[PDB]
Amino acid sequence: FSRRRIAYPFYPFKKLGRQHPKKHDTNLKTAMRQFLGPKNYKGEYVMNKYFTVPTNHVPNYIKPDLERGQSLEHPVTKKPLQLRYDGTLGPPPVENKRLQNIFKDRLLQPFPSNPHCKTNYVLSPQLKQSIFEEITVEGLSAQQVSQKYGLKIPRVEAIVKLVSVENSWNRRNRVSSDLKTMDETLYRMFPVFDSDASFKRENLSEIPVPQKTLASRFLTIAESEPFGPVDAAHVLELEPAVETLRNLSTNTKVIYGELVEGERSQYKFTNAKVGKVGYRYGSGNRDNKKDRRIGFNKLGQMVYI
Amino acid sequence: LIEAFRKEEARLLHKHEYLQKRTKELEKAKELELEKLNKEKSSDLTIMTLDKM
Amino acid sequence: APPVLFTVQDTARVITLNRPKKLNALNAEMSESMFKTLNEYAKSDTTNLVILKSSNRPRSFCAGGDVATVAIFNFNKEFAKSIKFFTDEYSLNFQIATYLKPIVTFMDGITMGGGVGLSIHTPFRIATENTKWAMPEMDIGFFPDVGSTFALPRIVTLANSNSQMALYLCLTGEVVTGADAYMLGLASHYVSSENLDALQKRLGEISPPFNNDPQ
Amino acid sequence: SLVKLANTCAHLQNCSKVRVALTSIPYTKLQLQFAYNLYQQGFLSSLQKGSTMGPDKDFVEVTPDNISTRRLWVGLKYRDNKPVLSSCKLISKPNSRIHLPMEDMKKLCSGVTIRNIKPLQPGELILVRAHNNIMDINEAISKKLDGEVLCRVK
RNA sequence: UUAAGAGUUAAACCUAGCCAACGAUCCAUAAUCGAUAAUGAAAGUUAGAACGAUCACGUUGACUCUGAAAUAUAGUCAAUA
Ligand SMILES: [Mg+2]
Ligand SMILES: [Mg+2]
Ligand SMILES: [Mg+2]
Ligand SMILES: [Mg+2]
Ligand SMILES: [Mg+2]
Ligand SMILES: [Mg+2]
Ligand SMILES: [Mg+2]
Ligand SMILES: [Mg+2]
Ligand SMILES: [Mg+2]
Ligand SMILES: [Mg+2]
Ligand SMILES: [Mg+2]
């Protein structure tokens, strides 16, 4: 069974009563107004909890279920408010007990309906500079930096590149005041990555799950045989799962052509083998088909492969 | 044309040599594996046997 | 046929001594096979208990060790073979004594020398009307060999405050039969021979109720 | 003889349904090899030679004088109110014999339906005949041996 | 006769065979296929427009010359317009 269901709020709100013939209003609009609170002469909603950004590295994600859909607060004292019968905003008659003891995992959960979405941890500029110095100056391998700071290796390399770009931009005075204010207000919104904590440091033993293993296979053997990861790897015809981590932690003859004055291009001839080189004859044409191959040029132009 | 003819000759003879080596290397790897599945495993003491019958 | 037979009863593992003519006299081959197979069973998670019995069911369970070969290994001066024999036998006794899963010994028939060693070191040792228990090493110029000097001072019930009944049994080599062995504590249970089949089925059926820890 | 092996498979199913502890099958090399593979794999509690009347207590030597009255006696296992040997079926039927190479045998053991044969199951034993030797399918794969896929037992 | 086998075509002599209910002969229908397209979990099924491969034909039929190769979109004769 299914009907159209206007997405009314799941929490109580005061609905319209008798309306002046010319109001022309909807209950959804009133629900939004109550959620937002009064709008300033400046076009601002100071009374709404979520109007302003946090500043203490504790994200201010929505909690419509814990707080019963009461999103209003005093902007200066931050104390909860409620809409009284007379159309004013005052203290709640009773205090909420679900808004003080909030599980620390819930504070990093952007969406109330998805427990598996959590925000990442921002790295402090000091840690990023430390990693950049370690990788570039002291020449420490990315594996041991990853282990020391508990960061996945691609993230470490990305940090190195991003810090290099930042260094260039700072040497050129391209980081304007607006950019610095934006960066620092964004940085104070998210939790800060802590190298020392065990539960805040990234797991460093992850490997992709290939299709080959995903199928469950079972072996019946004598009751006392040992059967370890290496035997399992042999059975599935794969490298053992430890060499996968080990390998993830880490000729053709060519002839360049004679250029002469006035010639606008050079020829390089790469050696190939007959029966493997060429455009095949009677190959599948997909240009009129839904999976036609689209690629991008070295200049970023969309081309048809 | 001489280069092509003689390189083809050389490639054929080299292929034959390589195939003989491959055959005699497989004939050893296979026998090593069959024998390594003959080292008495201690766990085989738990498989019931009726050798006399 | 092999001197020891290994079979399965649904969770139990049955070890049958299989030398009828020599009354199941224990060897180094027998001791080694038993020792290695018990080492295997100690790791198996589908094994709950071991039963020790004999194919020559009424007459003998184990009529001592086969020390005649030990005596010929010393008439020909091959002392290394005697050493291997006793190492195997006593290591097997040590294994049985310290085994972490139940071992049940059917002492249905003559039980002497090595037989006492196989049967005396387990908490579950069953005598029958046919059990003829003895320790006759004094008359062959030998000593109580199978840990008997450790067990008898501890398990014997009557007149054993200072190991003196244990001494009487060891020195005299008196044959203790049937329910007398049960009453003296040499056997832990007393079951008629006709029942040992049904018991063997029952021991093959019972499993730990949950968390599957037979230890 | 695949007909006799099919008869044995059906007879084992019949005896498991009524829960008889001991039954008999025809005395032949194929029957003995099949029973031995079941016994070593834990599906049978005991395997004895015997006559039409029962298992032999002592060794009785088989000759043309008594070949027609020989049987193989197998003990069936039951545990937790369930038979250990519930199903036993032929794959290679007499009217459609299925011979597979080692690669297709590996595919079958890896979950692929080959020649309409359902793949090997978690607690199932598929037997293969090679050079008049019955053997477990995984063992045939280990020995790199093509063969006739003979029967499933679960 | 042909470069060349063969009742392939022509001539002579013989023998009495050959195919067929696992479908002959006859009739109808159709160009064929793919590392091509569609579809499906797959076996397969469909298409044979496009890309490619092969065949056949160039208004219809037979014959001939030349040619290594042609009953050629040639030539001869006939039919149709
Ligand atoms: Mg509807
Ligand atoms: Mg001719
Ligand atoms: Mg003619
Ligand atoms: Mg027809
Ligand atoms: Mg047509
Ligand atoms: Mg068609
Ligand atoms: Mg086409
Ligand atoms: Mg066209
Ligand atoms: Mg033409
Ligand atoms: Mg026309
Ligand atoms: Mg024409």
Side-chain angles (χ1 to χ4, degrees), chain A residues 207-220 232-233 235-238 252-254 267 269-298 301-305, chain B residues 1 4-5 7-8 11-12 15 18-19 22, chain D residues 1-3 5-6 9-10 86-130 136-142 144-154:
Chain A
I207 61 160
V209 180
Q211 63 84 30
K212 182 64 70 177
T213 68
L214 284 167
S216 60
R217 180 176 325 153
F218 306 85
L219 274 178
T220 305
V235 162
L236 300 161
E237 293 83 4
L238 302 158
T252 180
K253 181 266 289 181
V254 183
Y267 288 112
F269 304 82
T270 315
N271 191 15
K273 182 174 73 175
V274 66
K276 298 293 183 182
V277 72
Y279 305 107
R280 286 161 170 275
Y281 288 81
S283 71
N285 183 4
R286 318 296 315 176
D287 288 15
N288 63 324
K289 296 285 138 60
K290 180 165 74 71
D291 54 21
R292 76 175 306 165
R293 284 173 282 263
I294 293 153
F296 293 93
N297 189 358
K298 187 186 278 298
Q301 306 188 291
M302 200 192 258
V303 298
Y304 288 135
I305 311 185
Chain B
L1 188 62
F5 285 164
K7 283 188 190 293
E8 187 64 30
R11 190 174 65 72
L12 303 205
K15 181 140 52 55
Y18 168 50
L19 272 175
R22 194 140 156 201
Chain D
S1 178
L2 289 185
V3 169
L5 193 68
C9 287
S86 54
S87 179
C88 183
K89 181 63 70 177
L90 291 201
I91 296 165
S92 161
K93 290 177 68 178
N95 74 341
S96 183
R97 293 181 184 271
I98 297 157
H99 304 258
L100 295 179
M102 184 271 288
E103 293 83 3
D104 289 77
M105 293 177 71
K106 283 174 68 172
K107 288 173 183 288
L108 196 73
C109 290
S110 81
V112 184
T113 308
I114 304 297
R115 292 194 60 185
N116 295 289
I117 306 163
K118 290 191 179 181
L120 186 66
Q121 293 304 266
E124 194 172 48
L125 161 69
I126 286 170
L127 291 177
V128 175
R129 175 160 58 175
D136 170 47
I137 187 161
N138 282 102
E139 187 182 353
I141 288 158
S142 78
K144 295 157 288 299
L145 195 59
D146 309 322
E148 196 203 302
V149 177
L150 192 60
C151 50
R152 321 164 82 80
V153 62
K154 211 161 163 283

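Worth knowing before you read on, the calculation uses all heavy atoms, side chains too, and leaves out hydrogens, waters and symmetry mates. Naming convention: chains lettered A, B, ... in sequence-line order (proteins, then strands); numbering from 1 in each chain.
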field: Interatomic distance, D:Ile117 atom CD1 to D:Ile126 atom CD1 [nearest 0.5 angstrom]
entry: 7.5 Å

task: Using the side-chain hydrogen bond (donor to acceptor under 3.5 Å, both in side chains) rule, collect all pairs that involve residues 145-154 of chain D, keeping only residues at least two apart or in two chains.
output: D:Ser92-D:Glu148, D:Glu124-D:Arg152, D:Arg129-D:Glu148

field: Within residues 95-108 of chain D: residues closer than 4.0 Å to RNA chain E (heavy atoms)
entry: none

- request: Quick one: pull up CG in D:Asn138 and CG in D:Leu108 and give me the separation to the nearest 0.5 Å.
  value: 10.0 Å

- line: Where RNA chain E forms runs of at least three Watson-Crick or G-U pairs (i with j, i+1 with j-1, under 3.5 Å), the stems are E:31-34 with E:51-54, E:36-39 with E:44-47, E:59-64 with E:74-79

message: Anti or syn, where syn is a glycosidic angle within 90° of 0; which label fits E:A21?
response: syn

- prompt: What distance do D:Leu90 atom CG and D:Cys151 atom SG have between them, rounded to the nearest 0.5 Å?
  reply: 6.0 Å

task: With north meaning a positive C1'-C2'-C3'-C4' (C3'-endo side) and south a negative one (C2'-endo side), sort E:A35 into one of the two.
output: south

task: State which residues pass side chain to side chain contact (heavy atoms under 4.5 Å, CB included) with A:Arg293; sequence neighbours excluded, sorted by chain then number.
output: A:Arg286, A:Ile305

field: Euclidean distance for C1', E:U71 against E:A78 (whole angstrom)
entry: 16 Å

field: Full working for side-chain contact (heavy atoms from CB on, under 4.5 Å) between D:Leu150 and D:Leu5
entry: CA-CA 9 Å; D:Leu150 192 60; D:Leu5 193 68; 3.5 Å; yes

message: Please give the distance between the P atoms of E:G67 and E:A49 as a whole number of Å.
response: 40 Å

- prompt: Syn or anti for E:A49, with syn set at within 90° of 0?
  reply: anti

- request: Rounded to whole angstrom, note down the P distance from E:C33 over to E:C27.
  value: 24 Å

task: Would you indicate, from the sign of the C1'-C2'-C3'-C4' dihedral, whether E:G23 has a north or a south sugar?
output: south

message: Within this structure, what is the OH-CD1 distance for the pair A:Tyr304 and A:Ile294, rounded to the nearest 0.5 Å?
response: 6.0 Å

Whole-Å distance separating the NZ atom of D:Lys118 from the P atom of E:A43: 19 Å

- prompt: What's the shortest heavy-atom distance between A:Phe296 and A:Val303, and which atoms?
  reply: N-CG2, 4.2 Å

message: Atom NZ of residue position D:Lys118 - does it have more than 12 heavy atoms of other residues, nucleotides or ligands inside 6.0 Å?
response: no

message: Syn or anti for E:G7, given that syn means the glycosidic angle lies within 90° of 0?
response: syn

- request: Not counting sequence neighbours, list each pair that qualifies as a side-chain hydrogen bond (donor to acceptor under 3.5 Å, both in side chains) and has a residue in residues 93-112 of chain D.
  value: A:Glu237-D:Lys106

North or south sugar at E:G48 (positive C1'-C2'-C3'-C4' torsion counts as north): south

message: In whole Å, measure the gap between the P atoms of E:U54 and E:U64 for me.
response: 30 Å

field: Sugar of E:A16 - north (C1'-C2'-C3'-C4' positive) or south (negative)
entry: south

message: I need the residues from residues 276-291 of chain A with at least one non-hydrogen atom less than 4.0 Å from RNA chain E; give them sorted by number, or say none.
response: A:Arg280, A:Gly282, A:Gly284, A:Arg286, A:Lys289

query: Can you tell me if the sugar in E:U66 is north or south, using the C1'-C2'-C3'-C4' torsion?
result: north

P gap between E:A47 and E:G52, integer Å: 23 Å

- prompt: Are there more than 12 heavy atoms of other residues, nucleotides or ligands under 6.0 Å from atom CG of D:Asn116?
  reply: no

task: Report the C-alpha separation of D:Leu100 and D:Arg115 in whole Å, then their side-chain angles, then the decisive distance to 0.1 Å, and conclude whether the side-chain contact (heavy atoms from CB on, under 4.5 Å) test is met.
output: CA-CA 9 Å; D:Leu100 295 179; D:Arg115 292 194 60 185; 4.1 Å; yes

- request: Figure out the CD1/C1' separation between D:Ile114 and E:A42, and round it to whole Å.
  value: 11 Å

